[PDB]
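Shown next as structure tokens: one chain only, the form deposited in one PDB entry.
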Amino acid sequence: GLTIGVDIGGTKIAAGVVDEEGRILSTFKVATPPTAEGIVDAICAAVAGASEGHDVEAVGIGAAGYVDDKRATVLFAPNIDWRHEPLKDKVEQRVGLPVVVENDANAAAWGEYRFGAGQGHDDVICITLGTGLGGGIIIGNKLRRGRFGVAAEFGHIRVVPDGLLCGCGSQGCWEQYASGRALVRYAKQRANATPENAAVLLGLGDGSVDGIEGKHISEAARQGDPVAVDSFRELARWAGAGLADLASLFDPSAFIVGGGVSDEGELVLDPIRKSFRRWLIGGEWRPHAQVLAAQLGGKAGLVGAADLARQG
């Protein structure tokens, strides 16, 4: 039958009814509230909104945090105020439907494996670029959550010793260098330094550096705004180097890049792919994985979460 998927990210909540073939039948979006209690309210509003007109059997939540092996509790989140949050229990008692809670990028990996760019592969690795950087692991045709449920937390691999402060409480985490937030940071740095090379970018906002938004950077880069193009170059430096490290770790047939910015397709995927190829160890002597945009784009997580609910 039909289930609902709800993707709860640091910035946005998105929900939809999803059928057995991963077709999205409805859309609901709302901003992620700042408190755990407000988030439960918003989840309920999202489920109610997306469910309009449809007979719904279960709810799958893709949550932006460390989710336990029982798929019920958000143990820890760097960019949302969740600490040992019993999300399954709270949502079940309010919506009156069975709920499964999965990590958001685990869910995106699953969505792409079933219905997107991972179809036909056995071993694929997903990264999502958004508020943070999430990971998802498909090995031997199965999602791998690890012993304690918290595998694929790629965003907190240390890429710069003693580097940037992260929401997780550590320093130098990959997500501080490769994420939608990092992209925005790169563009604001560059627009502040050389505003004369950011005219198009600034014109898409309110004209100020502070008014630069992720989607502006994408549109401006399409139009050839040098500062926007350079910001994507910097994002790709770190995203591609990290994908090369993931090739050393997992050696998959494909990497699948999701998150909101993956909606931009080759605009972001081409520099990431080129960077991956520059960083891949062993030069000419070893094979290279494909580097692919999430076919479902930013919706992969809600689709995968919906489908993971259906297999409950």
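Note that the rigid core is defined as the largest set of C-alphas that superpose within 1.5 Å between two forms. A residue's number is simply how far along the shown sequence it sits, counting from 1.
As for the form deposited in another entry, it is not shown, yet the points below apply to it.
Q: After aligning the rigid core, which of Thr194, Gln223, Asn141, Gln93 is the one whose Cα travels 2 Å or more between the shown form and the other one?
A: The residue that shifts is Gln93.
Q: Would you say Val17 moves its Cα by 2 Å or more between the shown form and the other one, aligning on the core?
A: Yes.
Q: Superposing on the rigid core, does the Cα of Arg277 end up 2 Å or more away between the shown form and the other one?
A: It does not, since the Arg277 C-alpha is displaced less than 2 Å between the shown form and the other one after the core fit.
Q: With the core lined up, does the C-alpha of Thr27 move 2 Å or more between the shown form and the other one?
A: Yes, the C-alpha position differs by at least 2 Å between the shown form and the other one.
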